[PDB]
């Protein structure tokens, strides 16, 4: 039946969700997550949105500001607003499923509230698709796809130029932070293919 969600856990407690439409499937997923990792997910949400100080104090004010300064929330919301009903169902279903369990938790905290909530002095609130999306954006996009030191690289290059002179300073920079190194082991063998682009390595800008 269209409204049925069957959840089965194996010998290690790993859940398997059975459902007939997108929203129900992800609802099942969100529900088991709320059962297994509610405190971890709540803290990850605060981590990815910069709302840790609200529950942990002044030690995390700089952290929260740093997180907010590194993204543009309205832009993420706009991406969500442009999704098709089918894609939206993934995010909506997921959030709705976690809410069903969170609601149960807040109704019978005496037995269902994870101890950490009591330890850290606060209770869990509901989630929205934006929150689900931000778990991914803040922990995959910002941790594994936002690496750069260009400003400091420029400072290094300036310092090198001051110590060794213009042309030599540029050459040393190329020795310490080369653009490409042809002896680097490559996952794809050279016989298969090579990258066709050649890049400037003289700060021509």
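Residue numbers count along the first chain shown, from 1. We call the rigid core whatever largest set of C-alpha positions still superposes within 1.5 Å between the two forms.
- In a rigid core superposition of the other structures in 8 other deposited structures of this protein, 139 to 147 and 161 to 169 differ in how far their CA atoms stray, and the farther one is 139 to 147.
- Relative to one another, 161 to 169 and 148 to 156 have unequal mean CA B-factors, and 161 to 169 is the one with the higher figure.
- The deposited model assigns a higher average Cα B-factor to 109 to 117 than to the other stretch when 109 to 117 and 95 to 103 are compared.
- Looking at 184, 197, 17, 14, the one whose CA carries the top B-factor in the deposited record is 197.
- Sorting 45, 177, 37, 143 by the CA temperature factor given in the entry leaves 143 at the top.
- Ranked by Cα temperature factor within the chain, residue 123 sits in the highest third according to the deposited record.
- Annotation for residue 74: CA B-factor lies in the middle third of the chain's modelled residues.
- When the CA B factors of the chain's modelled residues are split into thirds, the value for residue 86 lands in the highest one.
- Ranked by C-alpha B-factor against the other modelled residues of its chain, residue 68 falls in the lowest third.
- In the deposited entry, the Cα temperature factor of residue 138 sits in the middle third of values across the chain's modelled residues.
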